[PDB]
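Engineer: sequence unknown, structure follows:
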Ligand SMILES: [Cl-]
Ligand SMILES: [Cl-]
Ligand SMILES: [Cl-]
């Protein structure tokens, strides 16, 4: 008996505490957030893979994920996610 | 110029095999090429998803068979499974 | 030293098993791709192309024509029920729609 | 090696794992090569969407005077926002129901 | 002496009560029997996880609630407040499910 | 006075005539101007292949014809033969694009 | 083994329609709704059993129904994913 | 020159022809403005996606392949121009 099914449960809880520090979450709602993360993940990685096949490329970089987000998120949600992502890639490429 | 590949002569071959006197225009040839590319991508997509679901990395005839049984509705699925199993027998016993 | 028998002819098919196989390899679907998979998939694609070009030659015959136009593919797919189920969310260019007139709009 | 093992999540100032996202982009059969800006950016996007939805869900939990987010609160959080409704219009959230929407002509004429 | 309401008020009261609740409205065991009956015509001796039948029920009730939403919009559009199989057929036709 | 038809007969005649035809019903050049106008609000100085604008026109006319089919079904359902923006909004609402 | 579609009762279809916002329900609704529900369940269980066949199993997991509903464009959250 | 008022280029007889192909017998007057609105929002979504595909392709000319990929992505697969 040794099998660990991976999840995003601790990370959803950490982001919840970093947003609502006094509000908890049930395990059913945790499963719904886990499947939402898995779903959106598959959508963006799907669109990125499709784009890479379209443009005769084999390397998925931040630009492919960026235009996949600009496709998949509706408008201002896409603008906020492209800003947050470019901010985190800026912080990543110039860190310790 | 880089050669843009197509299924055009193969559509013409199967058309002669089903209508020896009837021709086809080039725009209808483009529509048939796009249908073939589309259904190809659909079946290979669903089959890749099937292989990923079952923690496998090898696409065999069974993954394509289950993808065809998902995507084609009913009798198209049954006749394509029949024709495909026929051709896989004809391939493995040649 | 052997006769280069193609896998299409080996499987009794017409669509290229080599091109299907290298698109299953290039297309980033899995790590390994068999031979029964592109044989079976070429068979399925050949059968669907056969059925649609059959119905399209039929609609060309009905229109007294020997050259399949987009409209004939349109009629071939949309007059069949299961091809309509397959291509319900699919637009065929230069095809239009079926000649469908509702009953209440006709004059009595 | 002799170095402090700083994770790529903290290196990017994020919370979602860049390593797990990166090995799912590798295992998921999307391309031959997968960069580092791609899982960093994708962890950022996923963290932002999870943040916004858990934010609206904590808001709907507050409105319902509760400190535990239930499925119904995720349902209200997504369906009362317009862009999350555009994102998940073809998506069913279990144990959520629908919005309390009553049409105007079905109401009695209280005039 | 016996009190009786008008139809619209208890109807709207039930609309409010069930749009507030989240529980499954179809009972568990007859839905399970329906699922086994439909499954029977595909493969004999099929088994089901409990969460599988719960997932089927969640999606089936959500689908029928969206269907009745569109059906109510068809009824209201036709200057009615009573849904009809006309309205269900119009809804499924516009959604593209008539097949 | 000269000959004049009933409305229903020329209406049904046009319904028959255009359901048989396959050509593009929107003119090419004002649709192209509309496409450039809508594109303008995304990037200045955008270029377009001819087949791209033809593809846009094929898909736009097919979309609007499916829209008028659902709109006609909404009209007929409401015991009417006249399509209305009520019917267009009902169609788009049930299809899920509202 | 034939009255299982009648297990979807007239109160249960009425509760569903109340959640959908329906004020008045004609009598011809209920058989039609049983029919439509049966057709939806036919498509979903057909796909899920196909997925079970591909896994060479005898039980239908919840992941199979999730994958089926996801294939049919009705994504369901809260059962794995 | 900034292009303006091109939605009126979708003329009233063209909308009537589209209605005839859809089987419509009788057409009210607000149909034309509503239809220009719906076609405008449709072309907004489709041209938005096609422009996005152009942006990522490091180009400035919207190809037919971009519009095909866009329509296909939105669940309306267009045949005749590739895919
Ligand atoms: Cl194989
Ligand atoms: Cl990068
Ligand atoms: Cl009726």
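Structural biologist: That came through, no problem. Residues are numbered from 1 along each chain as shown, chains lettered A, B, ... in the order given. Ligands and ions are numbered 1, 2, ... in the order given.
Engineer: what helix or strand does the spatially most central residue of chain G sit in?
Structural biologist: Per CA atoms, centre = their mean, the C-alpha nearest to the average position across chain G is that of residue G:41, at 4.0 Å. In this assignment (DSSP states H and E), residue G:41 forms part of helix G:29-54.
Engineer: got it, and residue E:94?
Structural biologist: For residue E:94, the element it lies in under DSSP H and E is helix E:85-95.
Engineer: which other helices and strands contact that helix?
Structural biologist: In this structure, helix E:85-95 makes packing contacts with helix E:50-77, helix F:50-77, helix F:85-95, helix G:29-54, judged by 3 or more CB pairs under 8 Å, 6 or more residues apart in numbering or on different chains; DSSP states H and E. For the C-beta atoms, the positions are set from N, CA and C on the backbone; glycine is no exception.
Engineer: what about the helices in chain C?
Structural biologist: For chain C, helices defined by DSSP state H occupy the ranges C:7-10, C:17-26, C:36-62, C:70-78, C:81-86.
Engineer: quick one: buried residues of the second one?
Structural biologist: Spelled out, that is helix C:17-26. Of the residues in helix C:17-26, those buried by neighbour count under the rule 16 or more other CB atoms under 10 Å in any protein chain shown are C:17, C:20, C:21, C:23, C:24.
Engineer: one more: the last one?
Structural biologist: Of the residues in helix C:81-86, those buried by neighbour count under the rule 16+ other CB under 10 Å are C:82, C:83, C:86.
Engineer: can you list those residues in JSON lines and add distance to residue A:28?
Structural biologist: JSON lines is the format used below for the buried residues of helix C:81-86 (distance: CB to CB, whole Å):
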{"residue": "C:82", "distance to residue A:28": "39"}
{"residue": "C:83", "distance to residue A:28": "42"}
{"residue": "C:86", "distance to residue A:28": "37"}
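Engineer: would you pull up the residue in chain C closest to chain H?
Structural biologist: residue C:93 (3.5 Å; CB to the nearest CB).
Engineer: you'd agree that residue is up against residue H:77?
Structural biologist: No. In this structure residue C:93 lies outside contact range of residue H:77 using CB atoms under 8 Å: 10.8 Å.
Engineer: and the spatially most central residue of chain A, what does it touch?
Structural biologist: Centroid check for chain A by CA atoms, centre = their mean gives residue A:41 as the closest residue, at 5.6 Å. Residues in contact with residue A:41 (CB atoms under 8 Å, 6 or more residues apart in numbering or on different chains) are D:21, D:24, D:42, D:46.
Engineer: go again with 6 Å.
Structural biologist: Listed by CB atoms under 6 Å, 6 or more residues apart in numbering or on different chains, the contact set of residue A:41 is empty.
Engineer: so it: helix, strand or coil?
Structural biologist: Using DSSP: H, G, I helix; E, B strand; the rest coil, the structure places residue A:41 in helix.
Engineer: one step back: list phi and psi for the residue of chain C closest to chain H.
Structural biologist: Residue C:93 adopts backbone torsions of phi -70, psi 150, taken as degrees, to the nearest 10.
Engineer: that one reaches residue H:82, doesn't it?
Structural biologist: No. Between residue C:93 and residue H:82 no contact is recorded; they are 11.2 Å apart, counting by CB atoms under 6 Å.
Engineer: what does chain E put close to chain C?
Structural biologist: Where chain E comes near chain C, counting by CB under 6 Å from any CB of the partner chain, the residues are E:96, E:99.
Engineer: please repeat the previous calculation with a cut-off of 10 Å.
Structural biologist: Selection of chain E residues close to chain C by CB under 10 Å from any CB of the partner chain yields E:96, E:97, E:98, E:99.
Engineer: from the residues you listed, which is closest to residue A:29?
Structural biologist: Ranking the residues of chain E next to chain C by separation from residue A:29, with CB to CB as the measure, puts residue E:97 on top at 30.4 Å.
Engineer: the closest one and residue B:88, how far apart?
Structural biologist: Here the distance between residue E:97 and residue B:88 works out to 34 Å (CB to CB, to the nearest Å).
Engineer: please name the residues that touch residue 17.
Structural biologist: Unless you meant another one, I'm taking chain A. Taking CB atoms under 10 Å, 6 or more residues apart in numbering or on different chains as the definition of contact, the neighbours of residue A:17 are A:23, A:24, A:25, D:15, D:54.
Engineer: that was the other one, I meant chain C.
Structural biologist: Applying CB under 10 Å, 6+ apart as the definition, the contact partners of residue C:17 turn out to be B:87, B:91, C:6-11, C:35, C:37-43.
Engineer: now residue A:88
Structural biologist: Contacts were defined as CB under 10 Å, 6+ apart; by that measure residue A:88 touches A:62, D:9, D:11-14, D:16, D:18, D:37, D:40-45, D:47-48.
Engineer: report the secondary structure element holding it.
Structural biologist: Under DSSP H and E, the secondary-structure element containing residue A:88 is helix A:76-93.
Engineer: which phi and psi values does residue A:59 adopt?
Structural biologist: On the backbone of residue A:59 - angles per degrees, to the nearest 10 - the values are phi -120, psi 120.
Engineer: hmm, it is touching residue A:49, no?
Structural biologist: No. With contact defined as CB atoms under 10 Å, residue A:59 does not count as touching residue A:49 (11.4 Å).
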